[PDB]
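Q: My complex, part one, positions kept as in the full thing:
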Amino acid sequence: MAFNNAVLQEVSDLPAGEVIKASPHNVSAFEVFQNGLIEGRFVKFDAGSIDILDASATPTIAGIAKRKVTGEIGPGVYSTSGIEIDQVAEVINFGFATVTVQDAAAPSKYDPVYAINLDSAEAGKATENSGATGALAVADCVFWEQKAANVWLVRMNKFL
Amino acid sequence: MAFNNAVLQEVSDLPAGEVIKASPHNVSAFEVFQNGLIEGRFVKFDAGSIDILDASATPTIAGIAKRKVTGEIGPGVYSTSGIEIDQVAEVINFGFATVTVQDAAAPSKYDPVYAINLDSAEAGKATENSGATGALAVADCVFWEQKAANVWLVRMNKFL
């Protein structure tokens, strides 16, 4: 159908899955990954492949799925075997990066980031509330500032 | 041995003590060291000097000893008092760096890096085997990818 949101009230800030390159930053390419890897989410590393967060024991959070500016137009999705095939999964593991947050979450600066660990659409979403279902403490990462609607720029103190 | 590997069916892959500059990296020069510091090996800071790991209990591990690419042809060794004299022991302490891996070690990506804290030539060699003898965890340091024969790119997440 027509273009969504003809006129927006404010200019939306950084979309999720984006890394600021003024600060020190590292986005590292993983060749093997999971089809349908949502961008702008925390992604885990399992069996030598970058895949979506899902209920597990203690997933190895490898960082934030980088949003490709020159990727396919559509939902933020990493795809294999299509016209929109993405050869590698670009993952932001160091620096300031934008991640979607649970719509219930209301975080603030220097709050410890919690990723979502569920087999649902909310997989890989950040949050401040640790009592949220499937709240996984991401090691050494803090919310920095609210960029967009339900998107927060967080800071990964060390590599993820 | 005379010019080992006369002909190779593939170009040799990255040697140890080599840090990739494409990412946030840091090699920091230490003006005093120990004679016989092996390049491409975990070094430790003790008594105000960089030196090869030995029988110590809880060494403060500086980082991978950087391989002086325009140093001496021969063993990758730091040396005082010679024509082969290196004034400063430049040491890689942040980012992706190549370290020699124990000949018996079979690591994989995101595997925590243990360094052999022994008094031998196997001192400072990286291994994934926690159960290996004389090895301590190099906290905040993971394996990234097998570069060369018994050489691995590891990731020092924080300033090591």
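A: Noted; the coordinates are in hand. Numbers count the residues shown, from 1 in each chain, chains lettered A, B, ... in the order given.
Q: and residue A:84, which of the three is it?
A: coil (DSSP: H, G, I helix; E, B strand; the rest coil).
Q: Quick one: residues contacting it.
A: By Cβ atoms under 8 Å, 6 or more residues apart in numbering or on different chains, residue A:84 lies in contact with A:71, A:72, A:74, A:77. (C-beta placed from N, C-alpha, C; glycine too.)
Q: contacting residues for the nearest residue to residue A:77 once chain neighbours are set aside?
A: Using Cβ to Cβ, 6 or more residues apart in numbering or on different chains and skipping the chain neighbours, the partner closest in space to residue A:77 is residue A:36 (5.7 Å). Contacts for residue A:36 were tallied using Cβ under 8 Å, 6+ apart; they are A:52, A:77, A:78, A:79.
Q: and of the contacts of residue A:84, the nearest to chain B?
A: For the contacts of residue A:84, the closest approach to chain B (Cβ to the nearest Cβ) belongs to residue A:71, at 21.0 Å.
Q: For the closest one, the count of nearby residues, please.
A: By the criterion of other Cβ atoms under 10 Å in any protein chain shown, residue A:71 has 16 neighbours.
Q: Tell me how far it lies from residue B:153.
A: Residue A:71 sits 27 Å away from residue B:153, going by Cβ to Cβ, to the nearest Å.
Q: Residue A:84 too?
A: To residue B:153, residue A:84 is 30 Å away according to Cβ to Cβ.
Q: Enumerate every residue touching the closest residue in space to residue A:79 that isn't next to it in sequence.
A: In space, residue A:79 comes closest to residue A:86 once its chain neighbours are excluded; the distance is 5.4 Å by Cβ to Cβ, 6+ apart. For residue A:86, the contact set (Cβ under 8 Å, 6+ apart) comprises A:68, A:71, A:72, A:78, A:79, A:80.
Q: could you also fit chain C onto it:
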Amino acid sequence: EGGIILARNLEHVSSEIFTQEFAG
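A: So, slotting chain C in with the rest:
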């Protein structure tokens, strides 16, 4: 969200056209 490049532009349909070949 997503990207800026439409999917069909991420594919280069080769200008060379390969005719079907039959027995000699």
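Q: and the contacts of residue A:84, now that chain C is part of it?
A: Taking Cβ under 8 Å, 6+ apart as the test, what residue A:84 contacts is A:71, A:72, A:74, A:77, C:7, C:10.
Q: Hmm, the first one is touching residue C:6, no?
A: No. Shown here, residue A:71 and residue C:6 do not form a contact pair, counting by Cβ atoms under 8 Å, at 10.7 Å.
Q: For residue A:24, grab the count of nearby residues.
A: 14.
Q: Contact partners for it?
A: Contacts of residue A:24 by Cβ under 8 Å, 6+ apart are A:94, A:95, B:24.
Q: any idea of the angle the host helix or strand of the second one forms with strand B:89-100?
A: The one in question is residue A:95. Assigned by DSSP states H and E, residue A:95 falls within strand A:89-100. Angle, strand A:89-100 to strand B:89-100, by axes from the mean of the first three to the mean of the last three Cα atoms, to 10 degrees: 110 degrees.
Q: For chain C, tell me whether strand A:89-100 is touching it.
A: No. Judged by Cβ under 8 Å from any Cβ of the partner chain, strand A:89-100 and chain C are separated, with a smallest distance of 10.5 Å.
Q: Output the contacting helices and strands for that strand.
A: strand A:26-30, strand A:42-46, strand A:60-65, strand A:135-148, strand A:151-156 (3 or more Cβ pairs under 8 Å, 6 or more residues apart in numbering or on different chains; DSSP states H and E).
Q: Going by neighbour count, which residues in stretch A:24-38 are buried?
A: By neighbour count on 16 or more other Cβ atoms under 10 Å in any protein chain shown, the buried set for stretch A:24-38 is A:25, A:26, A:27, A:28, A:30, A:33, A:34, A:37, A:38.
Q: sequence below should go in as chain D:
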Amino acid sequence: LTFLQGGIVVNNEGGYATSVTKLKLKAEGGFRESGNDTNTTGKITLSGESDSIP
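A: So that you can see how it sits with the rest, here is chain D on the chains above:
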């Protein structure tokens, strides 16, 4: 006849194709308050979407 007098322009670009696809680029981001020698935490970037009419 009232349509074309309303003001809607007529766009003869679709060629002979069975559908016309239009694409929209939106600038997303924001300038952030800075000091003399700091690292900016505000980034201006692009996003897009598309529509198709048969």
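Q: since we added chain D, can you redo the neighbour count of residue A:24?
A: Neighbours around residue A:24, by other Cβ under 10 Å: 15.
Q: give me the element it is part of.
A: Using DSSP H and E, no helix or strand contains residue A:24.
Q: any idea how far chain C is from the residue positioned nearest the centre of chain A?
A: Centroid-nearest residue in chain A: residue A:41, 2.0 Å away (criterion: Cα atoms, centre = their mean). Separation of residue A:41 from chain C (Cβ to the nearest Cβ, to the nearest Å): 13 Å.
Q: Relative to residue A:34, how far out is the nearest residue to that residue once chain neighbours are set aside?
A: Spatial nearest neighbour of residue A:41, chain neighbours left out: residue A:124 (2.9 Å); criterion: Cβ to Cβ, 6+ apart. According to Cβ to Cβ, residue A:124 stands 11 Å off from residue A:34.
Q: who touches both of these two?
A: Residues touching both residue A:124 and residue A:34 (Cβ under 8 Å, 6+ apart): residue A:52.
Q: Check the offset of the strand holding residue A:95 from the chain's centre.
A: 6 Å (Cα atoms, centre = their mean, to the nearest Å).
Q: Which strands or helices does the helix or strand just after that strand pack on?
A: Using DSSP H and E, the helix or strand that follows strand A:89-100 towards the C-terminus is strand A:111-116. Counting contacts by 3+ Cβ pairs under 8 Å, 6+ apart, strand A:111-116 packs against strand A:126-127, strand A:135-148.
Q: Please tell me I have it right and residue A:59 contacts residue A:118.
A: No. Counting by Cβ under 8 Å, residue A:59 does not reach residue A:118; the two are 11.4 Å apart.
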